[PDB]
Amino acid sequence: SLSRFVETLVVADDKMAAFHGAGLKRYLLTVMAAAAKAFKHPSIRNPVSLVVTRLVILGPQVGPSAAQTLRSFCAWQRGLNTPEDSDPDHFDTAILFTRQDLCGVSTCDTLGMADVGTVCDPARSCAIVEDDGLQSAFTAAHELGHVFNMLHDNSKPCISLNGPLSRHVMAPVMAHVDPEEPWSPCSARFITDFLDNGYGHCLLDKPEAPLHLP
């Protein structure tokens, strides 16, 4: 039942600034509002409030390898944070949007990357998103699902939890997301356990000065 608030640092690279220009801040808050709406959907079972508290427009090394862009960004974002959650400048997770075509080992179909189950570890609570211009909120929600310890819905543990009957955020590839069920039962279970085990202990304080859309 506890309200959970994820104090979020949103970062946009030079490519995002070059393309969106003056409309970038509004764009990022719109994307994040949409991701936040996903995280309040009842299907998640333990809803959380994704709150933008800091917004940086650019830094870290951004290139084709998603793995090394994520590692670079995650090292870089540490520097902006503060040691204690009591500090207003402290943030719980860092998310980077870039126009760089991010790639895996064999193709560039990837749209983002995050390490799994890291949300209250400031050294590790990181995600990167390739901005496609239309579905970026869904990619952000997928990466943030991983940060909240979620697996893909075609994983073995998820088959048992979902049943037998690709329409959710944690599908392995983007497909059309069910508006009545953005999160599978597997997704809800994994975030619920993560929080029940005390891994969301940094999500309990309420942010001071959230950034709001007009």
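One-based numbering along the sequence shown.
Undergrad: Can you count the deposited residues that have no coordinates between residue 165 and residue 166 and report it as none, 1 to 3, 4 to 9, or 10 or more?
TA: The entry leaves 1 to 3 residues without coordinates here.
Undergrad: Could you tell me how many residues of the deposited sequence sit unmodelled between residue 58 and residue 59 (none, 1 to 3, 4 to 9, 10 or more)?
TA: The entry leaves 4 to 9 residues without coordinates here.
Undergrad: Tell me which of 29-37 and 153-161 has the higher mean C-alpha B-factor in the deposited entry.
TA: Mean C-alpha B-factor is greater for 153-161.
Undergrad: Where do the C-alpha atoms have the higher mean temperature factor in this entry, in 175-183 or in 143-151?
TA: For C-alpha atoms only, the mean B-factor is higher in 175-183.
Undergrad: Which is it among 188, 169, 62, 52: the one with the largest CA B-factor in the entry?
TA: Comparing C-alpha B-factors across 188, 169, 62, 52, the maximum falls on 62.
Undergrad: Just say lowest, middle or highest third for the CA B-factor of residue 129 relative to the other modelled residues in its chain.
TA: It falls in the bottom third of the chain.
Undergrad: Please place residue 202 in the lowest, middle or highest third of its chain by C-alpha B factor as given in the entry.
TA: Middle third.
Undergrad: When the modelled residues of the chain are sorted by Cα temperature factor, does residue 88 land in the lowest, middle or highest third?
TA: Ranked within chain, residue 88 CA B lands in the highest tercile.
Undergrad: Please say which third, lowest, middle or highest, residue 113 falls into when its CA temperature factor is compared across its chain.
TA: Lowest third - that is where residue 113 ends up once the chain's C-alpha B-factors are sorted.
Undergrad: Looking at the temperature factor on the CA atom of residue 17, which third of the chain's modelled residues does it land in?
TA: For residue 17, whose C-alpha B-factor we compare with every modelled residue in the chain, the answer is the highest third.
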